[PDB]
Structures are given as C-alpha cells and as structure tokens.
C-alpha cells in the first residue's frame, strides 16, 4: 500500500538544457492538504515539453516535464473533494481555482494560479514533492507527467469518465483541446469561412479539426514539411502550401488565394516571423488571427500597427481558451460520444522508457503525437 508513504518510482528527469532525459528512480512525497497523487497511465509528447529541453520555454531545472497526460488517483490529501482514489483524471497545466478574477470571468481561462507566466516549478505551496539522488527536482506547470507518479494541486486535476481510454484522452490534457478550442472558442470560426493554419503538428491538426467542426468552407494548411500535408487533408484541410515552394512571401500567396485575405488565421508553430505573417494574411478589415505557438523566451516581434488599425483582430490563448476543470470532463464525454476523433493525432505509441526516442521522432519531423505508456 502506498497512501501516506513516499513512493520510489521511475521518472524522466531533465538535469540541464539540451540533454536527453534521464530515466531513473525518484522519490514522490505523499500529497499534503488539497493535493492529489496520481499513477500515470499515458502521456503525450507536446512540442512545449521540447521547448523546455531547447531553452525556448524557460522553467527552473532540474525538472520533471510532461503536461499532456492521464492517470488514476492513488491518494488524496486532507480536504480534497473533487477526486477520490481510483478515479481517472487528467492533470490541468492551466489550473482552475474558481476564485480569481479570471476564473470568475465568462471568457477568461488563464487562472492566476498558473505556473506559466512566471514559472517557479513548484506546488502551489512553493515546495516540491520530488527528489532524485538526494536533490529536489522542480515541477512543470503544476503537472510533471513524465513520471510513474506525480502530485498535483486539486485545482490542477479533473476527474473524467471511469470508462475513458487513457491512452487516447491524454491528448485532451493539451494538444487536442488547445487546437480545437483555438478554432471554436477563441477565433469563433464561422460557417463558410476561409481559414489558414500555420503548423501542421498535433496542435495545428486539432485547429483544422475545429475549423472543420465550425463549418469552414476552406482550410489552408501551411507547413515547410510537406510530409505533414496528407494527414492535414485527412482531418479537413482543403489545400496545403509550403512557403519554400514560392518566390513570394506566403502572406501574399495566401492573400491572393483567398481573394483579399483569410477570415481566420492561426499561428501554431512558435516563430515570431510566422506570427506576423499569420496576422498579415487575414483580411485587413475583419480578419482574426490567433497565436497558439509558444514564442522563444524574451524575444519581441516587429510589426506595423496599420495591420491592426484597418480592422484586424489579433489574440492569443492558452489551452484553447477552455476553463480547464469545467471543460476537460466535458471534452472527454464528447470524445466518448464520438463528437471528435483523437486517433488521427497519434502516430506512435511507445513505452515510457523510450521517451528520448519519442522526442527524436518529434524533432526529426516524423511524428505528430507519440503517446508514452507507463
């Protein structure tokens, strides 16, 4: 039995930037008041986890990364009311405290208890539940899912359907919900519209899924890797373009293709140049562009504000704009009811011990989502 006891288990520790993950024994403290200890079942490899490795996304090291996952509650601390031992759960990398001005706002989801703005790499109480070789190890986004066990704050976990297939619904913990919500909730794509989606990885494909669900008439996928185009068309792209194939800048190409600009554009890569290109390619008077890609740490973009003065709307969002704890159980229920598909995102399924091979597949351009299984 493990309740109230330290667990020794396997985790993938990132000791410093630009190094492989180290698969080794860590110690996981039992949950304190209002905390939940979770036995991991499956976790996806999101490009944001690779950003921690590359130093694109700064968070304290050493760290247990991973934020797109699903598992089963092993134990609960004093005062937990929302999950019980045995429940299937998805960790919420964007918390939902329910009390802050953002949580109370009808359109806010970036709860002020998040650990993304100004990463501390701890639990809400400012301490860590992880040690490895006698050293404290940081948390990541209040989740830390690259471990056989994690501890999360109650506001960073949602109970989901007991019959959920965790090897699929782990993607509702980040990439699916982010892309789909960026289209249906943040952009509010309209029926009959023309969309452009920059980046055709797991999140961009999920944007396409949402644009198609919203009834877009045209969905133009944009990627420098033409190997991504077949799956983009399978999930709803009506055409795909590779900027490398053109002499003109792709914003000009997309403006011409759309007879004067697209209705909705999405940046789903993480580059300053594509953020500005994606804004520019939406119609100057009524176009909307959504930034989804995480930008490189501390770098500013350059743009001409006449792009906005003519009437464009530019916005961004975390986790597709979804209030995380309200939305994740409903998204799982919708998946169970066949309202959307997850299999198109899953290209590889590997044991957790093959985490580095999973990251190599992402970096090589050869995977969409690898699901790691514990």
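The term rigid core refers to the most C-alpha atoms you can superpose between the two forms while keeping them within 1.5 Å. Numbering follows the first chain given and starts at 1.
Averaged over structures and residues, the CA distance from the shown form in 4 other deposited structures of this protein after a core fit is larger for 240-248, of the two stretches 240-248 and 135-143. Core-fitted comparison in 4 other deposited structures of this protein shows that, between 194-202 and 290-298, the CA atoms farther from the shown form belong to 290-298. Mean CA temperature factor is higher for 290-298 when stretches 290-298 and 261-269 are set side by side in the entry. Taking the PDB entry as given, 102-110 carries the higher mean Cα B factor of the two stretches 102-110 and 198-206. Per the PDB record, 117 has a higher Cα B-factor than any other of 255, 117, 182, 94.
When the Cα B-factors of 338, 312, 325, 67 are read from the PDB record, 338 comes out highest. In the PDB entry, residue 284 places in the lowest third of its chain by CA B-factor.
Remark: residue 221 belongs to the lowest third of its chain, ranked by C-alpha B-factor as recorded.
Residue 320: CA B factor lies in the lowest third for its chain, per the PDB record. Residue-level temperature factors show residue 332 in the middle third of its chain, judged at the C-alpha atom.
The PDB entry assigns residue 151 a C-alpha temperature factor belonging to the middle third of its chain's modelled residues.
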